[PDB]
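For reference, the chain that follows is the form deposited in one PDB entry, supplied as structure tokens.
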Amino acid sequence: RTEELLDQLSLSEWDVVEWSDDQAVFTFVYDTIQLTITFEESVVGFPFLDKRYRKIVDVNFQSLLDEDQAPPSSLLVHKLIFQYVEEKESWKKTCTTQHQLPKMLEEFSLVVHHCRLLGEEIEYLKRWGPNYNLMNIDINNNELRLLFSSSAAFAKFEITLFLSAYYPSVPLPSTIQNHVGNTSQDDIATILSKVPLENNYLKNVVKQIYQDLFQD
């Protein structure tokens, strides 16, 4: 974990799996995401062609995740990653020659890299969440539903966090459905804005809630 966190600084999100005359293929996320780059056809091999002028015919992203078998966290990861691909239109207008491909794989890797880690934080909160009084986690379409419950603190409420592809730098939007006690929106706004927009924002925001509210 400390070892790899260092690893994160220089990103390594993809495997090259074909480098044809015809196409270059790259996988991501344990290979559940597949990028096929198709090149224009030529009368010569690509060894004879200048990469600054080799035209890209196509850019085709694919999810190969088993949606029946996947857990919700993994599903949310794919939801968010491809929401970004949609926004960038598969880089079809800007990534047009082979020359431009590394800066695209970088741009994409970064979002793949944070979204995959968000997946990780969720599976974690799913196993240690009780210690934070986080009794349940519900994922529904870009919405993260956190249920905190403690008789002892006499508080029970549900916080809904709205996630995007751009995690975790963007400040999350939230709402609170209150069950027991009187935690207000302002109390939540506060706790959130005291956590920096960098890795583990979810984990840290949960721990922040568990101190501010369940450890008085």
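Superpose the two forms; the largest set of C-alphas matching within 1.5 Å is the rigid core. All residue numbers are counted from 1 along the displayed sequence.
Below, we refer to the form deposited in another entry, which is not included among the displayed structures.
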Sole member of 172, 176, 29, 147 with a C-alpha shift of at least 2 Å between the shown form and the other one (core-superposed): 29
Did residue 102 shift 2 Å or more between the shown form and the other one, C-alpha, core superposed: yes
Rigid core superposed: residue 160 CA moves 2 Å or more between the shown form and the other one: no
Core-superposed comparison between the shown form and the other one, residue 41 Cα displacement 2 Å or beyond: yes
Closer or farther in the other form: C-alpha pair residue 115, residue 27 (3 angstroms or more): farther
Direction of the Cα shift between residue 59 and residue 165 in the other form, where the change is 3 Å or more: closer
